[PDB]
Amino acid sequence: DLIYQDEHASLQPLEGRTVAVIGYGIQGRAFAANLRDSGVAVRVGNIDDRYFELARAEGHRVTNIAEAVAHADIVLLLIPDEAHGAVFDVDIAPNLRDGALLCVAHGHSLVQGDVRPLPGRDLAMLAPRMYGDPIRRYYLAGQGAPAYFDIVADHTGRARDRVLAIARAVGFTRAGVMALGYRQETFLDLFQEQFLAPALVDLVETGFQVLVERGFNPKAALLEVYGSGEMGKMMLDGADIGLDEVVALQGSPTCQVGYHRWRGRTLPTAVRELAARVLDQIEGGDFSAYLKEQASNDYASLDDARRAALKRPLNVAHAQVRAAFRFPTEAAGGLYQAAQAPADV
């Protein structure tokens, strides 16, 4: 495995270069803020929507996508994957300078052939293993999350150095940036989002629903299954030292005995078989067809699903718990500004 940390990547390839962050959403905002705070010349390219004014409000040089690309040495395409094809064809390909680098943060558009190599220009993937807020929060703490990278086309011979320079400036090399094919990254990423994340929340919800049906205080039930932050803490501490190890070190003997009675015995074959089906639907292109269909609207069915989700007993109970119990939040005040808001006492 090829893994780069801070000492394996220089900022020198970005000196006197301009990085165009295309999009100012979940990833675009975090990339833009970290690049700027790392002393990189950054511009934002964005369509005429709320994100354009947000980028301006947070002190960035903002223009349409075409002008940003045309005045950039490195272009980071940080907009939704189903929009890549149209923006690549219309905005990026006609304006990408000779010897410039285009990066995606997900391999989907590469697998589908919506983003393709261009003569005289570099193409790469730099895919964070983390969402926007934590990438920004970690960065401010001198930390970072891992990333996968893939050099798809290196026409200049500088593609790797520039990608790893972006990675260090955004903070991914503080954890590690591992070489992984865009195809494998695509399937990995989609599998986490389609099998693991839903199954994980479904499980928490099953815990809540059984407790409430059996007459347990709904606030207490919600708190134990995730609301307290304890299961989230176990998973984040587990990420560091191992999940079984967290229980061995911080579980009472009563907890450890209970845990190890059921550890490896809880799930039937049907869960493992569902994981295989999700993966086949991802690899076979069934999901890709489903996604394109959902993106045919402005994600109308997704909007309905999000709304319906919040009416579920678990999310009704959550609102009641979070109203009654204060949570240890890190204030988001000017998190993506050059200077953050005064600390909230």
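Rigid core here is just the name for the largest C-alpha set that superposes within 1.5 Å across the two forms. For every residue, the number given is its place in the sequence shown, counted from 1.
- Averaged over structures and residues, the CA distance from the shown form in 6 other deposited structures of this protein after a core fit is larger for 288 to 296, of the two stretches 27 to 35 and 288 to 296.
- For the pair 246 to 254 and 266 to 274, rigid core superposition yields a higher RMS C-alpha distance in 6 other deposited structures of this protein in 266 to 274.
- The question of which stretch, 246 to 254 or 92 to 100, has the higher mean Cα B factor is settled in favour of 92 to 100.
- Stretches 293 to 301 and 57 to 65 differ in mean C-alpha B factor, with the higher average recorded for 293 to 301.
- When the C-alpha B factors of 71, 260, 183, 106 are read from the deposited coordinates, the top value falls at 71.
- Comparing the listed residues 236, 225, 87, 241, the entry records the largest Cα B-factor for 87.
- Per-chain ranking of the deposited C-alpha B factor places residue 174 in the lowest third.
- Among the modelled residues of the chain, residue 308 sits in the highest third by CA temperature factor in this PDB entry.
- Among the modelled residues of its chain, residue 26 has a C-alpha B-factor that falls in the lowest third according to the deposited record.
- In the PDB entry, residue 229 places in the lowest third of its chain by CA B-factor.
- Sorting the modelled residues of the chain by their CA temperature factor places residue 215 in the middle third.
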